[PDB]
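Peer 1: Quick one: the structure is below, and I'll ask about it shortly.
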Amino acid sequence: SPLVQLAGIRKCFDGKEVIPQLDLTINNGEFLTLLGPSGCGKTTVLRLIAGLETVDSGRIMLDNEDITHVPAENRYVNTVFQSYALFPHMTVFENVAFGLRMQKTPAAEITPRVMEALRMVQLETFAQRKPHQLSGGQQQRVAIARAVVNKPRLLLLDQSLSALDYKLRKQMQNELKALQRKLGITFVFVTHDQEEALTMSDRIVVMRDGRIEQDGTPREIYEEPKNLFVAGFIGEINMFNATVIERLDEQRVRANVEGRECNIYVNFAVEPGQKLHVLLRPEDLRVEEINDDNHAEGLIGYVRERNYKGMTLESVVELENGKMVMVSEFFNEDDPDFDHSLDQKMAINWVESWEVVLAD
Amino acid sequence: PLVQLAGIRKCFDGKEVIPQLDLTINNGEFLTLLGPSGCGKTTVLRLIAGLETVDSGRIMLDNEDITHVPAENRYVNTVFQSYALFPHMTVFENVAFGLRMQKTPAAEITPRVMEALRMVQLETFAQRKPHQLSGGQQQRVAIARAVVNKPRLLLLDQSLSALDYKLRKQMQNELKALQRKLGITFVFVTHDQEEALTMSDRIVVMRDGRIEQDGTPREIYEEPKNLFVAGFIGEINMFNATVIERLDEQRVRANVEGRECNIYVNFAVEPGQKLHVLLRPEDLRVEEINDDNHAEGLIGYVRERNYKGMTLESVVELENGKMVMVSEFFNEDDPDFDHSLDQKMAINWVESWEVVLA
Amino acid sequence: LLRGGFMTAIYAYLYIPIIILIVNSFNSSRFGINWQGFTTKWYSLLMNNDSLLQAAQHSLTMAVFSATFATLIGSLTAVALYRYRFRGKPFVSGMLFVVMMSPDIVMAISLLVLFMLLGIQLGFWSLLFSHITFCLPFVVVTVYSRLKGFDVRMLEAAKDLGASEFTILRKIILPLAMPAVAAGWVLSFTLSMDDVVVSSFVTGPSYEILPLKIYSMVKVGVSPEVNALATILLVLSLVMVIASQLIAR
Amino acid sequence: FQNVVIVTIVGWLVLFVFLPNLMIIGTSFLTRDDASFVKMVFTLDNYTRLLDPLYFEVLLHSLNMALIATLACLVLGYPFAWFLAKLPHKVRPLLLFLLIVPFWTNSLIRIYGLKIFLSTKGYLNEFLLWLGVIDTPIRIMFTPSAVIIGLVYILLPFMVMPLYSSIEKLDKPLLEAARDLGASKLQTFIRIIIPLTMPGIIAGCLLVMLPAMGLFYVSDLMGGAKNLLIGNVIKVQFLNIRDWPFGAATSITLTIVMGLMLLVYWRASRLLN
Ligand SMILES: [Mg+2]
Ligand SMILES: [Mg+2]
Ligand SMILES: [Mg+2]
Ligand SMILES: [Mg+2]
């Protein structure tokens, strides 16, 4: 069931095409995250939906009703700002009741709704305090309660938890996901953080320079990238070069990678002489001894640096050709059999069917 | 011994920020002061730099007292959080300010400034105002300004906090190499634990103006001293236990959460004493269903599986009502991974790999 | 201690003449140089003087009216500049800056020639217009400085919550800008009560104020009745400032 | 809403400030008449008469007298603003308010009071003799020194406030960085503080120099007939002799100086930003 349908959205600001052309659909009852580098244009889409900006050309729907030109006062869309946009003189109670008062709500219902909204975010006893008497985590909850009390069809969040510390951010990442399920309305989130998007979202859209690169579930993004930018942006990847020699069967293809031959799993059709990119992640590579290898063929290289990062050990490995390859693994210092040698000939291997093959 | 602090006290608006602090900073090392927000690290840094005056105690630098010496006469230079960066001067003059103001002969100013700018890879942006540069450039200008006077100790105050995630990872290694190249001591104040683990040679943990632990990055993560340091550096699981009898000099039998197991204790204990057993989330294994005479020790149900990209966190619930929060890697293309949700499960560890506290 | 002593000297510099004219009010000597006893005669003679009291009333009326109109126009202009973002804002700021940093003699003679090229008699209206003209920039600057210390996203937040513009200017901006409005009123009142140069150019015999009335008496000699007027005007002007703070509170 | 306020404020300024100024500059080029005031005959006699020695010595005297008053305000005003910036935030507004309390009494009465205070047989001469600092009475009335004392009195508050605003907007870390790198208090002032607060100095100078060249009641009451300011010359030509074109020619010199100081302000701001 579609809720917002953007068709042919364009916008130009000061002789700059921020949004060339965008087609997007937002369903009902999900958590959606717009993620990308700085300056890709997520805030423009958010403001166009909210109504604080007007589109140069295109069409916008909400529940099969055209709101392209309806002003940003009659739409059923509410927004949470980055700076929390709080009125200083008003109290918490009046901050929450602002939207209800300017909707001509009957006076009898105002107090129970406001108290319920404050209870939803655990702030029922700070009703009569004012801002500047509250911490950041409290002001954020006041903003969310002010946005949610009008029963909107859609809630927009713009980098909401950016200014906070680590553990408090981790805890509110979970309360927001619980609140979305408790209410039952669509959330649209804009963030620059990768792990934050991967944790709390049910559908991720990656944006670069005003265009959509990939849309899918978090697993479909971290595990099956579509191009090189998406693979390198979320997570961290190793780029290998390949040339196709021959095909054995429908799903296994022989090719050389950096001067060594091994089998790779390719599903789409290829022809001999074609160049490919084989992508592997740090946690999927294994460094093993070659003196008693007697297992299979693999890459040869030396270990230059061993970095201790707490829970994980990151190793920088130099191949014979000269490309940098980095391997990650857990640190078990109480294991008697733990490799620690440096500047030695050791092999690099990976388990079959764990690669991501992308054509060029 | 470079800087020795004995009995330093400081009060600001009546509230004590440093009760009593004893510390010794050696020569040729990387030291990081790590702790929660508002614990008096910045006060220590400013006290050493000379921008504040102590209420009691002594400060020494190479066995000469500098408690009352003003900041212009100390051989200590500081990099500020906001990159002071005088707006009406070029980069060349920014770097050459300190040389110009110590009455230095004019022949040596240009080569020294050029070399300092070269060490931070800014030799071609010599004539540009500090508004045509970006964050990294401004940071490198600040570092070059600090290190051109040849100081005996460089102080850094949350230097790389405002940058992005990839530039941070690059400049951490860059600073770690620069320290070895120069040969002087660095003192760094940070709020991020990963930076302290990956960049330091000695970490000092502070809380409410007091020292909790001091040692190698390995010691803090692997051998915490009290319950605060564990759980601040990473995630911890605190299990209660009761000692029964001492099997030998190394292993002691105990009752953990209503079940019996053998644990390693390295100090004297007596039956009836209460013990704390700490285990990291990634050292715990949720193995197959309870097999007779194969796996024993704990019983619990999964109750959740959270996907976080590289790793997968499962918060299991025991028989008593406690969470355990197991962590592990996510291998999807491996055709034996378990996706079970709410049946009887087993919790084990490796008979060691545990930290026992009194 | 040396820092505190310097600050006292500057305050003692400005306040000493006021103390002298207050004290010499009770003096018996007409010239005021020496002290020759305590008399109350000057206040009684002032009470029976008509032209002096009329001039004082005219000055106070001009001050109140000019302050009110300047406060209104300047507050509206400041809200306009702060609320919107447009291309012409630097130009308006520059015009206001140039108006503020202009000689008073040029501004007086320009208004004289303008009012003589339009056949407008010199009196109430010319004086009121001149006072408003040279009081506006300070009000604009005060209110703009007060308003720029708050986030501008609150207006967008009010829009998203379903508030029209007039509601936004009747519920958000005004309570945050009232203490600046009171200060603007007080500053305009002071500036209109102090000026002597413009009034001596753009006025006429029909409307007489205190500056020219005292200037006329200078050629013959200033009786201590003027000192008796100045002390009362201090108390009356004091209570007006006290009232303004309470109303704004 | 948006258009109404902008048109009204722009219409008010163009009608009352800018357009009349173009009338004054255009009046300096026409020809005098007894009953018609200005006559439409383009002449350059007005500007060339300013080069006569009689009317050129008066202009030179005013510049010297106003320039020293500006310097005296800067020397006594920068320290006052600096010390007011090292005080608790609550007491600062009260101290600033106590600077405009004297303004409620009119300016033409406060100079009359100061004249009595500085007279030969008045106070400040009896007290000094009683203390014994001086031996014979000090006579400074009807001298160039008296005018400069009076001008500093009236216009001193106008210089303090621009300077206090610039000082309070300074960045504390910038002052701490210099101290770390080896700057004495003197070298910080010459190389950092003064360049960062230069627009505040130029703003204060404009508000104290130009108004000090038009105060005619200070010269009349404290200076005499030998020491006159430009405002006395303009006043006579506009209200007694009724030679309006000459008054416009004299007033141009004040306008020309305004442009020079304004240009410095724009150039000082661009370099700083
Ligand atoms: Mg480990
Ligand atoms: Mg896979
Ligand atoms: Mg994986
Ligand atoms: Mg261990």
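To be explicit about the labels: the chains of the structure tokens are called A, B, and onward in the order shown, and within each one the residues are counted from 1, while ligands get numbers from 1 in the order they are shown.
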Find the residues in chain B near chain D: any atom within 6 Å counts, using only C-alpha atoms. Write them as a PyMOL selection string.
Peer 2: chain B and resi 71-72+84+88+98
Peer 1: So that I can see what lies close to segment 156-163 of chain C, please list as a ChimeraX atom specification the residues with an atom at most 8 Å from it, counting only C-alpha atoms and leaving out residues fewer than 6 positions away in the same chain.
Peer 2: /A:50,52,72-74,77-79,81,85,98-99,102-103
Peer 1: Per residue of chain A within 12 Å of chain C, record the nearest atom pair and its distance in Å to one decimal, counting only C-alpha atoms, with rows in chain order and ascending residue number, as a tab-separated table.
Peer 2:
```
residue	atom	partner	partner_atom	distance
A:47	CA	C:160	CA	10.4
A:49	CA	C:160	CA	11.2
A:50	CA	C:160	CA	7.4
A:51	CA	C:160	CA	8.0
A:52	CA	C:156	CA	7.4
A:53	CA	C:156	CA	10.7
A:71	CA	C:159	CA	9.4
A:72	CA	C:160	CA	6.0
A:73	CA	C:162	CA	4.4
A:74	CA	C:162	CA	6.7
A:75	CA	C:160	CA	8.6
A:76	CA	C:160	CA	9.3
A:77	CA	C:160	CA	7.7
A:78	CA	C:160	CA	6.3
A:79	CA	C:160	CA	7.0
A:80	CA	C:157	CA	8.4
A:81	CA	C:157	CA	8.0
A:82	CA	C:153	CA	9.5
A:83	CA	C:153	CA	8.0
A:84	CA	C:153	CA	8.7
A:85	CA	C:154	CA	4.9
A:86	CA	C:154	CA	6.4
A:87	CA	C:154	CA	6.7
A:88	CA	C:176	CA	8.7
A:89	CA	C:176	CA	7.7
A:90	CA	C:172	CA	9.2
A:94	CA	C:171	CA	11.6
A:95	CA	C:158	CA	10.4
A:96	CA	C:161	CA	10.4
A:97	CA	C:161	CA	10.3
A:98	CA	C:161	CA	7.6
A:99	CA	C:161	CA	5.1
A:100	CA	C:161	CA	8.6
A:101	CA	C:162	CA	9.4
A:102	CA	C:162	CA	6.2
A:103	CA	C:162	CA	7.0
A:104	CA	C:162	CA	10.4
A:143	CA	C:157	CA	10.1
A:146	CA	C:161	CA	9.0
A:147	CA	C:161	CA	8.1
A:148	CA	C:161	CA	10.7
A:149	CA	C:161	CA	10.5
A:150	CA	C:161	CA	8.6
A:151	CA	C:161	CA	11.7
A:152	CA	C:161	CA	10.5
A:155	CA	C:160	CA	11.3
A:156	CA	C:160	CA	11.0
```
Peer 1: Dump the neighbourhood of ligand 3 as a ChimeraX atom specification: all residues within 12 Å, distances computed on only C-alpha atoms and all ligand atoms.
Peer 2: /A:219-224,235-237,280-285,328,351,354-356 /B:307-312,328-334,337
Peer 1: Identify, counting only C-alpha atoms and all ligand atoms, the protein, DNA and RNA residues located within 6 Å of ligand 1, and give them as a ChimeraX atom specification.
Peer 2: /A:311,331-332
Peer 1: Using only C-alpha atoms and all ligand atoms, which residues have at least one atom no more than 12 Å from ligand 4? Output them as a PyMOL selection string.
Peer 2: (chain A and resi 331-336) or (chain B and resi 218-224+264-265+277-280+283+350-356)
Peer 1: Go ahead and write the selection's residues with C-alpha atoms as an mmCIF file, in the first residue's frame.
Peer 2:
```cif
data_model
loop_
_atom_site.group_PDB
_atom_site.id
_atom_site.type_symbol
_atom_site.label_atom_id
_atom_site.label_comp_id
_atom_site.auth_asym_id
_atom_site.auth_seq_id
_atom_site.Cartn_x
_atom_site.Cartn_y
_atom_site.Cartn_z
ATOM 1 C CA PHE A 331 41.960 -11.578 19.340
ATOM 2 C CA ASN A 332 42.319 -14.663 21.550
ATOM 3 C CA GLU A 333 45.440 -14.164 23.657
ATOM 4 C CA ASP A 334 44.853 -17.279 25.782
ATOM 5 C CA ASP A 335 44.955 -19.605 22.757
ATOM 6 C CA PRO A 336 48.355 -21.364 22.640
ATOM 7 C CA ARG B 218 46.682 -4.829 26.456
ATOM 8 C CA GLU B 219 46.381 -4.648 30.247
ATOM 9 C CA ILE B 220 43.287 -2.434 30.315
ATOM 10 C CA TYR B 221 41.264 -4.544 27.881
ATOM 11 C CA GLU B 222 42.427 -7.969 29.058
ATOM 12 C CA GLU B 223 43.016 -7.438 32.813
ATOM 13 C CA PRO B 224 40.687 -4.803 34.274
ATOM 14 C CA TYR B 264 40.984 -19.912 37.663
ATOM 15 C CA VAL B 265 41.760 -17.753 40.706
ATOM 16 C CA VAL B 277 33.297 -13.529 37.017
ATOM 17 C CA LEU B 278 33.619 -11.357 33.913
ATOM 18 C CA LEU B 279 33.499 -12.588 30.317
ATOM 19 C CA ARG B 280 33.609 -10.665 27.064
ATOM 20 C CA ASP B 283 34.361 -15.216 24.250
ATOM 21 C CA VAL B 350 36.838 -22.397 27.393
ATOM 22 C CA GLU B 351 37.409 -23.235 31.095
ATOM 23 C CA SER B 352 39.598 -20.115 31.133
ATOM 24 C CA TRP B 353 39.528 -16.734 29.347
ATOM 25 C CA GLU B 354 37.761 -15.331 32.403
ATOM 26 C CA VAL B 355 38.609 -12.491 34.776
ATOM 27 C CA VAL B 356 37.811 -13.100 38.448
#
```
